[PDB]
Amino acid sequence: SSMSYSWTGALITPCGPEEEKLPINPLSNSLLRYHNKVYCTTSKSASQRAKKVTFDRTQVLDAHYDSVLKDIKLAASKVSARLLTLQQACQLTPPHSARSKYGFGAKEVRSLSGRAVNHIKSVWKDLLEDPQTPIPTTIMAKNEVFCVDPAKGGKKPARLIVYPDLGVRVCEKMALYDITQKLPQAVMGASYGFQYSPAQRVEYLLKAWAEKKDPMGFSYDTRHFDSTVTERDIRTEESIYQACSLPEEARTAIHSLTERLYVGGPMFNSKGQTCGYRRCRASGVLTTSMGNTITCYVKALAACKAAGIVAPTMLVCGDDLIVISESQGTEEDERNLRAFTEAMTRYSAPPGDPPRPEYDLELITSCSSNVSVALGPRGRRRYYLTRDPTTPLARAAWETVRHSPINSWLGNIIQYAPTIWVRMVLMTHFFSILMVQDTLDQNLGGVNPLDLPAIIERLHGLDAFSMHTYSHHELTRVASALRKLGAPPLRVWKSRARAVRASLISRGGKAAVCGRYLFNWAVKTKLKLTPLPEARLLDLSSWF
């Protein structure tokens, strides 16, 4: 039926110069040695990504799909969604969102400057007036960092990002922001994945697993998911949006954005040249995450019905899916998964690695992460979220004239606090660096490092400071990632941690509380860690 993209043959070009690694990486050359292995995707590889995501889709739906979609619209019809004022939409624009072609950017939009508001008013007018003319978009290579992997072909090519002008992006929110905030929860319930913190994600997967008499689980890796979303899926999304109770102006806007932007359009490079034409999901529109989550969910739940998955409990996150169900025995479970893959493939959601059933929760990886287990201070099993530390370590070593990795370190320390790699490696390094810089109470992206113990207790529980006897998989993977990146082994981080702990303790105050709580693992004579009052008086509902 339809190709995902066409190409004029024009280069996908950068926005200015993309920047060289340097000969010394002073913040990270004591963390790891093999800096040669750390790389950033650039436009030089955009052409190669284009090839991998340009292909034919044909889609065949069926009674199971139709039934799931019908249930979903009924669930949607219980939502009431308001327009946002132009001004509210403007205030929701992020601080460094890409500037508009019409002589203004994020700062002007967020201060409701006159010409910004004027332009947006006219953009919105035209959305109400013209429900047809395709809206132009810019195509760019994303710049992301990874560690080279010879197993899987050296260096990944850059992902492509496709987006309309800042004015339009503001309009999208006027039409759809309230929906983006209400629909997934309304349509999917506990299955909507973005509502959970790591600890909660673990709790959900564990309750799901315990509820089945003989559980089986799998993840579904979907290949270039954005490229496999069809016009029809996109129009079916509009149709789900339109099931909700909406003002009429919203409807026209939503319909018009659907037909003019979402469904597809032409793509221009940064130098202005016509680059191609798109008939799939754009990465850089407001509905991307919501859309992918909803469509992935419909397709997947239909596939479960097609394939005979019994009593399924799902967790969905854009293109990432995990399903835990009642096993029918291995021979059948293998059969049903093959049926699932066949159904998804028919629905235009074909797999990357084909799925496989598992009967141990540590062996299921989704959102690049998995559940593992360790023991707590009183001897009890403690489950937590973890992941391969390779890419976090590579990004911990990305250091240029224009980028500092310290933030990235902190993101991982918080999200993955209970892991052995965060506790023994990243935490040891982060504090060591800040101490020597004497910047231990700077403010990183809104967080004050000396509050970590509070924050971690709130997010992960006090047991995060007292876990031991990590799993074989985890010990193996962490040892192996350190070796792969030429970082010191754990043995050495332990010495470094003893030293970092001492200096923290010796400065008293919140620093010493960090030393005591965060590095209790590093000393023979364990202190008894008690709840932190500063932690009760703290609400991080905001972040998840």
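The numbering used is simple: start at 1 and walk along the sequence shown.
Averaged over their C-alpha atoms, the temperature factors of 428-436 and 79-87 are higher for 79-87.
In this entry, 207-215 shows the higher mean Cα temperature factor of the pair 207-215 and 383-391.
Within the listed group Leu166, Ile406, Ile456, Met267, the record reports its top CA B-factor for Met267. Of the residues listed, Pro418, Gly329, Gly411, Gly153, the entry assigns the biggest Cα temperature factor to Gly153. Ranked by C-alpha B-factor against the other modelled residues of its chain, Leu112 falls in the lowest third.
Residue-level temperature factors show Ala512 in the middle third of its chain, judged at the C-alpha atom. For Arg159, the recorded CA B-factor ranks within the middle third of the chain. Only modelled residues enter the ranking. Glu249: CA B factor in the highest third of modelled residues in this chain (values from the PDB entry). Looking at the C-alpha B-factors along this chain, the one for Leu462 belongs to the highest third.
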